[PDB]
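Before I ask anything, here is the structure I am working with.
In this document, chain identifiers A, B, C, D, E, F and G correspond to the written order of the chains, with residue numbering beginning at 1 in each.
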């Protein structure tokens, strides 16, 4: 189960630095990576990066190496295996090329070869 | 293309909520029989359970209901070999004292080493331990139960008790600072025994205890329900300073062959009033701390008043100090709606302690002067239903809840079966 | 009760000093009652002793 | 009825009859055997008359 | 007494976690006595299952009972690289009594096939 | 506590049968306490023979001590297809102590031959 | 109860030695009760090390931990044909806790290599 509701579809103008939220429910927020992948209108789907809500470790794409700031606040425990965390992501020198729908997805597993694979996607926030 | 078979695993990290018997441990004697407990490990090992969140409930714990019965058994076991005061239930002939705290000088006929002979001896009795018959007085307990006076060699000195779990069981310690006492805990570690818990018996004010690491934390069950006791736990300890000033003397009677009732002798020197001192602007500083946390749950002005009324043990800061049992009047402590403040205390000798069905103890008079200093680390209020809180406390077991809220007992189920691609050839 | 036929048990039946034990098959109902309406009067022979 | 004994050849052990615990333990057992036997007996409190 | 080190990895995945004398009947003495009896009882309670399943002295023993997929439909990547031993028990706690009886008889039938094998 | 199902075939042939807490010293508490101690004592009493004979975790273990015909002269059809485990014990109950000592040393000599074998 | 026959060769070399019911809380009853509990406690205390080292049911089990010469520098003729088991313990009693942990993990790593081996 689980649902990763995203922020609002707010659109600004070039030069801005919009922040996109992604709060989770129904699963252990610290047990899986969070992942952000956009779908540019004039490009193929582009993977941006994942961060570990537990270790606090980040790994992003070269096209977003010094352009994206993504963070996560700690989880609010609900039961032994349910938490309510949140994931935020910003962009630096945003232009009209970054126009498109943005997604947040959680990791596939918590060990092995495909640990961080974006398995459970959110809802999507439409940008400029 | 899997071919999975059941595989047995011995020693898997899985436990189960359970209740068992907890044995005691102590460090390097008093009523708590700490000489009978095993020596504590000088290095108390703790294993942190990373990625683990467990649900605690300080109000539905069994360590409380089990420790409460252990202290009552430790109390009764220590009074078994002591002297019975059945012959002390004779007709008293009392007069007043001197040209609050009323004291009487009572003369009575008493037995001696020989059955046929008597003795006309006199003793001092606090007015609270004695009722008038209608001036012929009578000990307040003789009409309901006998009384066993304490063996004067044992002490009521509360020293730390370590409650340990048996082999094959475990204790889960919640380490989250702002832990509400109930609900999930994100910083959970497992231990074999609890920390050193002192069985400090008190009322309204919790003396000598564990503080909050930051911000005065408040604990309860149904906050909306006023019949549920609230338990405050202070962050910085206000120091209470108590003393019984009167220089008492011990006069040993002999009510039989080997039975020696220790009577209250004369009062050498001045006659003063037993009381306690706590610091203003410190009780006031730490009451605005409890205040702003009481409003986080109740939106609204909050008021402080005195106890409701009834028995003396219920409506007073009853505690122990040097051997004698004080009964301090805390109307001057809880009296503010959001240099010292002295609490007039009375002193009783006939105490029932655990509110049991007819069993009391005669506290013998401690010779000399009595003075004790105690931290005030906790509190227990009672809402009415202008959100006023009167210092009540409900039951006595809530004392042990204030220190056991971090611990919880679980049993190990080290057996687990899971599929693997191996087959027993 | 005995499931059928009143069964009798003993050790040495020929010996009379050995107790015989009968076990009935159908139970006869005995009906007992003390009719006098008694009242309890509690004395106090000591502190707590009544 | 046949108290078995196993001889330890080539073995020399250091004893100390004065720092033994069998003594301090038997002494407490005899005192407990003494007091346990007097528990059900008659107390002579009334015999303490003039 | 033994160890709570097993418990170190209670939140880790299943693939990571797996990889003086004299008696006195005082209130503390009776308390400490049952703790001693309650330990050897719970210990042998587990240790007799390991013996009757042909797994005494073993930490991980493979059996011969196939995994009936009705007990769990999850993948080997969904189990050993995701679930923890604490939550995997809650999912399978219904069939634990049904599985413990199969391992009990798989050992029993293995014993009679050995008494026929070693007779040659 | 364990099972009396073993006892189901007490009249069958040998080939068919083989194929809360808190302690209180009340009169019932002392009664129920010794039952707990008397169980683990009788259990390990048997379980240490199985261990010292090299048969821990086994239900049927073959040994290396030959069958001395003076213990019983009956045929394998007269034993496993006729006698019951209850009456076979009465016939052999004289040599049970004499047999338990041979299985005890057959295991002991097997252990020293293994410490010489695995040294290669 | 068991045997003090092991002790027969306490002075011999290491190579020669190796090669009714009802409970009543009377002063004797409490004495005889703890002796019964103190026996099963000390017995399983040793028997759980043998189980966790993969040596249950064994008298002499070979391990896989090499002999670190810092534990003892003596020759095999200086040990098995000279020292007695009583004095050899005093020489090595410092590293006994350091050795008992290696045999404990040599068994643990052997178990995971078997669960990978029998998976073929």
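Please note the rule applied: a contact is a pair of C-beta atoms (placed from the backbone, for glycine too) under 8 Å apart; a residue touches a chain by one contact, two chains touch by 3 or more.
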(request) Could you tell me which chains make contact with subunit A and subunit F both? (result) B, E
(message) For this structure, I'd like the pair of chains sharing the most C-beta contacts.
(response) B-E
(message) Centre to centre, using CA atoms, which chain is the farthest one from subunit D?
(response) A
(request) Give, as an integer number of Å, the spacing between the C-alpha centres of subunit G and subunit C. (result) 61
(message) Need the CA-centroid distance for the pair subunit C / subunit F, whole Å please.
(response) 47
(message) Between subunit E and subunit F, what distance separates the C-alpha centroids? Give it in angstrom.
(response) 24
(request) Report the inter-chain centroid distance for subunit C and subunit E in whole angstrom, where each centroid is the mean of the CA atoms. (result) 53
(request) Give the residues of subunit F that touch two or more other chains, as numbers and ranges in rising order. (result) 21-23, 25, 33, 37, 40, 44, 56-57
(request) Find every residue in subunit A that makes contact with two or more other chains and list them. (result) 80-81
(message) Can you list every residue of subunit C that touches 2 or more other chains, as numbers and ranges?
(response) none
(request) Please list, in label order, each pair of chains that touches. (result) A-B, A-E, B-C, B-D, B-E, B-F, B-G, D-G, E-F, E-G, F-G
(message) Could you list, by residue number, the parts of subunit G that touch subunit F in their complex?
(response) 2, 19, 21-23, 25, 33, 36-37, 40, 43-44, 47, 56-60, 62
(message) List the residues on subunit B that touch subunit F in their complex, please.
(response) 19-21, 66
(request) Using the touch definition up top, name the residues of subunit E that touch subunit B in the complex. (result) 1-2, 4-12, 14, 17-18, 24, 26-29, 31-32, 34-36, 38-39, 42-43, 46, 49-50, 53, 55, 58-67, 72, 76, 79-80, 84-86, 88-89, 92, 96, 99-100, 102-103, 110
(message) Per the contact definition, I'd like the list of subunit B residues that touch subunit G in the complex.
(response) 7, 420-425
(message) Show me the residue ranges of subunit B that touch subunit A in the complex, using the header's touch definition.
(response) 51, 53-55, 183-186
